[PDB]
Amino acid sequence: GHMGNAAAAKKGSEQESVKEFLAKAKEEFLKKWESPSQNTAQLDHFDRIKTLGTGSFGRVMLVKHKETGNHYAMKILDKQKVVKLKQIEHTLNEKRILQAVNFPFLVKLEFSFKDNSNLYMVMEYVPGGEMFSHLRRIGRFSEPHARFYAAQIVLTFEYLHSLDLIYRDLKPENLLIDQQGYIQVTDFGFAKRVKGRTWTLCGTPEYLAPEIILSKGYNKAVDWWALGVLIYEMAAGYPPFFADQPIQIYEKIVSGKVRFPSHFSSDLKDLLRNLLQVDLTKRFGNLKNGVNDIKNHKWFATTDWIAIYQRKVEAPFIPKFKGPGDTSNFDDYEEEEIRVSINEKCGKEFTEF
């Protein structure tokens, strides 16, 4: 066989220990899911410094807590825009997930509050910026560098899936790098509690699994497909399926064909063919052996999963850091004032926030 006695016993024990960890983690998540925290700070507790990113209904800013001097990232959502864009449920769900999860690669919610006009989530500040920027600048990551990040996503999805959470929003634009070079996942608007299947068309064209494109009921296997897209893009510098227009991307995704750069190792190509598998009865992460087909793949043979979780592996890349509050690794955005209206807006719909 592939393993002698000692290696087989060690692997078996490790896999049983994962089950034991996840059972405890689920119990802890379910307690917090049922008894969420709320109303833990206020706006005049913070100085607003700079915008780190924007979207159609909200922005994220670097802020400084006045009394302590500690920096945080504050997501500000305009209640009226959330309603207009049909994002009430996603917004409440994102906050509920963030309050209840606990894992070293998931961003921590430190405070949350609301006022007459806005909702506020105050999270850890992650000073290395988006993976996207580093990837486009460097061009591509070497296989060991890509593998270090991939391993963190594997563990994060193993954790989320054990809680019956599908993630659905994986891409380099949505992954931040911390001061130690490790990944932080921040965005949970598209995540959903799904023990079985779900049906919403959501995601980003390059990262959509075929079964989403084809309007099927789908399951957590879409996250394993997206992991394949991410690993490919990290290692190649471009994603496996691209074109001028989304429809042409979708035709490539559903085709069952993927091509690889000549510098990809055979181990990497094998892993990617098994993750980027159109046939759900064959996709790694969706078989009888679950996540173990991924974790035990040859491409991950050098990965010490516990050392990654414990953050004891030296990162391949440490972002520049001039000190607390340094925003050099984020883009510059037009700044806009935070207007708080004299009249409360949308109180009933956000009672749970």
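Numbers follow the displayed sequence, beginning with 1. Here the rigid core means the biggest group of C-alpha atoms that line up within 1.5 Å when the two forms are laid on top of each other.
* Core-superposed in 8 other deposited structures of this protein, which stretch deviates more in Cα positions, 77-85 or 92-100? -> Evaluated in 8 other deposited structures of this protein, the stretch farther from the shown form is 77-85.
* Which stretch is less alike in 8 other deposited structures of this protein, 254-262 or 151-159, counting RMS CA distance after the rigid core is superposed? -> Comparing 151-159 with 254-262, the one that moves more in 8 other deposited structures of this protein is 254-262.
* Asked: If you average the Cα B factors in the entry, which is higher, 287-295 or 321-329?
  -> Of 287-295 and 321-329, the stretch with the higher C-alpha B-factor average is 321-329.
* Of 143-151 and 239-247, the one with larger mean CA B-factor -> Between 143-151 and 239-247, it is 239-247 that shows the higher mean C-alpha B-factor.
* Identity of residue with top Cα B-factor, from 119, 227, 109, 97 -> Checking the PDB record, the top C-alpha B-factor among 119, 227, 109, 97 is at 119.
* Looking at 300, 29, 305, 46, which has the highest CA B-factor as recorded? -> Out of 300, 29, 305, 46, the record gives the largest C-alpha B-factor to 46.
* Asked: Which third, lowest, middle or highest, does the CA B-factor of residue 124 fall in along this chain?
  -> Middle third by C-alpha B-factor.
* To do: Would you check the entry's CA temperature factor for residue 156 and let me know if it's in the chain's lowest, middle or highest third?
  => Lowest third.
* Sort the modelled residues of this chain by their C-alpha B factor and say whether residue 80 lands in the lowest, middle or highest third. => Highest third, going by the recorded CA B-factors of the chain.
* Chain third (lowest, middle, highest) by recorded CA B-factor, residue given as residue 178 -> Ranked within chain, residue 178 CA B lands in the middle tercile.
* To do: Would you please rank residue 341 by its C-alpha temperature factor against the other modelled residues of its chain and give the third it falls in: lowest, middle or highest?
  => Ranked within chain, residue 341 CA B lands in the highest tercile.
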